[PDB]
Every structure is written in structure tokens, then in C-alpha cells.
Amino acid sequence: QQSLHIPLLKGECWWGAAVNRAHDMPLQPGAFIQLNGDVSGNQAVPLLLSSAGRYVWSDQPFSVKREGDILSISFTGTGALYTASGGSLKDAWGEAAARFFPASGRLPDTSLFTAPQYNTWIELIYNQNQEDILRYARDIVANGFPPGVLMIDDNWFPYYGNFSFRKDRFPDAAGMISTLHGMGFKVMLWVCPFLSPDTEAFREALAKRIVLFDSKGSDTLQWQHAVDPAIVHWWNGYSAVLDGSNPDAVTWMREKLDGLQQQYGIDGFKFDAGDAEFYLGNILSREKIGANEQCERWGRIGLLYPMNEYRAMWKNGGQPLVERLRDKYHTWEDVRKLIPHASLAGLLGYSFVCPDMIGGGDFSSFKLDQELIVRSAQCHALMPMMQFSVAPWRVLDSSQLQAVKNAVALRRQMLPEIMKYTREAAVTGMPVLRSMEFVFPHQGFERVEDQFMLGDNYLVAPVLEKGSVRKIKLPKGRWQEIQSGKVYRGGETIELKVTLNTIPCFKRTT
């Protein structure tokens, strides 16, 4: 029950805790975030950072409240306030990273960056089958989009815990992968730690004792004597679940994933679920860890598979994992989350951040707003990674489609810059996508969340609402818009006339 009360410095702004709460930051009066047993649908870290160079860390979960002008933090373990003497957000980030999540030196598979990614989810939903996957890949090529990583989403397998292609819908999965490889795609499969609880796989896992066990609500029952599996309710139903604390569960998962690589030529894995909330309640783990660390240990499996993607995470800052922003709705409100969510991700140690799925990642959001899809695409373009799912050729008229293609072209033109800073993030952990405050401290940018910096020298200001006018706040210095070539004096806000095709981006010239 150790607690800490932190009066804000005059004008101080605080961010941290949870990627999927970044739209509620800087933390305001009234604000509350619970990290214990809750990653808020995405990545979370027991870190806060301030605009005055202050930081808070604990190795373990905490809760934070802002009441008036005071932070109140309640630690499950212990924590402390720190000050970096430089006095900026960047200093807080740099000191906290080097103490608590130093950069590993490694990158995820570069194929994840060197082309757009594509996910079968929106087009195929639960009907993941060989014919429709090949058609989607052919359509990507035929429409002039670059081959990249192709993620086959949930439901390619017979049941949860069976890591094989369902032969009814995949008559020749190895052939299919070989065709996809030929066309220039790499292939990832959706996986999770849940096991259909009346199957051969489930009975095998229970016999090996690699599942989480049911405590029966007993205060005394020990892991080694439990006999029944925990059953967990999640969005697809009711399942047994792997115990991430159990070294034998790691062996089993490796066997399954290594099998898919050897048998079918699979390049990597989209690791879904693992959310802390799934590990709450009457549950016994072999090494007696908490729900947050179950999530963290799921995340470590990716360290073995350079081509990976996670949505749920606890810690693992400074690690070679792709961290995707969670399922976004097909709304203007959600497109406006991409930048502040992604910039926060970077500060929490998640440099390799991909802003969900162009146009939305929630399949019941799919009435479609074509303009929204264009702006979504344009906003992805100069983020560290760009991910499609809904087919632009199916849902967009000809000029909207062209605009999306133009966004992809701008990404191609800027890729050497993206890769420079991506490779650097492996080494120093410094973010690829930086907030305005990170690069330009104490210059009035604390609440500017519709602009970001790609490295140090490119200011990107995606259009994220309807209208023909866009306001852009330029830091001191001179800035040259990379399309128009027009040079602007900095230290003011300019108004730009925009069309559907505009993606404002400025090179620092002073």
C-alpha cells in the first residue's frame, strides 16, 4: 500500500501508463488510471513522464489519480519520483529508458517496415480460406499496391490450440504460402494462448500441466495440487489458457510456432490476446505471478520471432516487438487518436508502433466515409509502419483511391528517412514518431496532438477533419513544405488550403 503524492510544477504536463488512454492526456484534474490487472485494451507500462523532465517508475503496477494539481499514486510494490536535470520531456524519456527499459539493440523483421502491411481481417472476417486469401493478395498487386507482410487473421485453424491450417478451407496451405512468397509477400498468422477446452490439444496441455489452474477460491490450494483448468471468458467464448509463467508452456508454444514455420514456410505471428484482464480471478500459476506479468510473458514469445505484432502488452519497452495500436472504429474521433497514441507508445519504449488498420480495425464499424479512409491512410503513411485491411479498391471511388495510392508513394519517397530512424531506435530507443513536445520542448506544443515529427527534421501535419483549411503550428526555424517547395518562417501558426490529396509535411531548413 505504498503511496506517493506529487504536486505538479507550474505548467507541468504528465503522460504515461497506458497507450489507449493517450487521448485523456496530459492528465487533467479528475483523471484516473488503474494498471493493476488492466492494460486498457493495448500496451501499458508503470511509467509516467513530465514536460519538466520528471518521471515516475515502479517495477510493478500502480494506480494514478490527479486531484486538483496533485498526483496520487498507489503502488502494488514500490516506486519513486525522479528528475532529469535537462528539464524536458525528452530528458525524462531518455533517463527513464536507460534506467528501466534500455534499448535491446535489435529490430523486428525489416519487411514489416519496408512495405505497407495488409491484414485479411476486414475483407474476409471469419471466412479465412485459401482462395479468398490468394485473391486478396492478387488484388493488392493488380491495383498497383506494393507487396508486403500479409497477416492471415483469426480462424485459419480448426479450433483454438490447434496450430494447423483447416484442410476444409486450405487444401494446399504450403502451396498457398509458396505462391504468396513468389508474389513478394511475407506471411504472418494470428495466434493466441487460448485452448478450446474439450479438445485433444486441451487434454494434452492439461496433462502436461501447462495451463493455468482453477484455485477454487481456496486461499491454500497450491499450483502443484490443482487439477482443474481455469476457464476464461473472452470475446470468442470460453477457453482454457496457457500459463505464461510455466517454462513448459514456452516449450509447447515454440513447438507449435516452429512447426508452422517448418511445415508451411510461415514468416511470423500476430500475437493477440494476452490482455492482463484475462488472468484475473481464481487462478493459479506455476511461478505465482500477477496478471500483468502474464501479459508481459506472452510478449516475450515475440523475442523468438523477429516478425511479430502485439496489441496487448505490459512492459517490454526497448524490445524488438511491433506494437499495434488497438482496433480503431471507423470514426473521425478514432483517426484523431492515432498520433497521440503512437507518440505515447514511443515514450513508453514502443518505438516500432503501427497505428492499427487504415479506415478502422473494428469489423462491426463495417455508410462508409471515403474521406475518412483517405485521411486514415495519409496519417499512417509517415508513421513507422502502415497497415491496410479494408480493400481501398473495393470501397473507394477513383480519386479517393488515387489519393490513397499517393499516400503510399509519399511513404516510399520518405522510406530512407523512416528506416534511418527505425534502425537508430533499435540502438538508442529514441522514437521514430516523436511528439512536438519531445523535439520542441517548452515552445507551446504540450497539447499539439495533430502534428508529429518523423525523426528530427520532418514535421508531418495530416489533415484529420473535414474542410479545405488546415492550421499548422510551426516551431521557430524555417520550414519547407516538401510538395509545394514553399519556405515558411517558423514560430507562428499558418493556414494551408487543402484538398483530398494534401498531406502537409515540412522539412526543417533552419
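The first residue of the sequence shown is number 1, and the count goes up from there.
Chemist: As recorded in the PDB entry, how many deposited residues are without coordinates between residue 366 and residue 367: none, 1 to 3, 4 to 9, or 10 or more?
Modeler: Gap between residue 366 and residue 367: 4 to 9 residues without coordinates.
Chemist: Tell me which stretch has the larger mean Cα B-factor in this entry, 87-95 or 211-219.
Modeler: It is 211-219 that shows the higher mean C-alpha B-factor.
Chemist: Compare the mean C-alpha B-factor of 98-106 with that of 69-77 as given in the PDB entry, and name the stretch with the higher value.
Modeler: Averaging CA B-factors over each stretch, the winner is 69-77.
Chemist: By the entry's C-alpha temperature factors, tell me which of 324, 254, 297, 394 sits highest.
Modeler: Comparing C-alpha B-factors across 324, 254, 297, 394, the maximum falls on 394.
Chemist: Among 122, 426, 187, 338, which carries the highest Cα B-factor?
Modeler: Top of the list by C-alpha B-factor: 122.
Chemist: Quick one: classify residue 422 as lowest, middle or highest third of the chain based on its Cα B-factor.
Modeler: Tercile = lowest for this residue's CA B-factor.
Chemist: Going by the CA temperature factor in the PDB record, which third of the chain does residue 330 belong to: lowest, middle or highest?
Modeler: Residue 330: CA B-factor falls in the highest third of its chain.
Chemist: Please rank the C-alpha B-factors of the chain's modelled residues and tell me whether residue 167 sits in the lowest, middle or highest third.
Modeler: Tercile = highest for this residue's CA B-factor.
Chemist: C-alpha B factor of residue 153, ranked within the chain: lowest, middle or highest third?
Modeler: Middle third - that is where residue 153 ends up once the chain's C-alpha B-factors are sorted.
Chemist: Where does residue 62 sit by CA temperature factor within its chain: lowest, middle or highest third?
Modeler: Residue 62: CA B-factor falls in the middle third of its chain.
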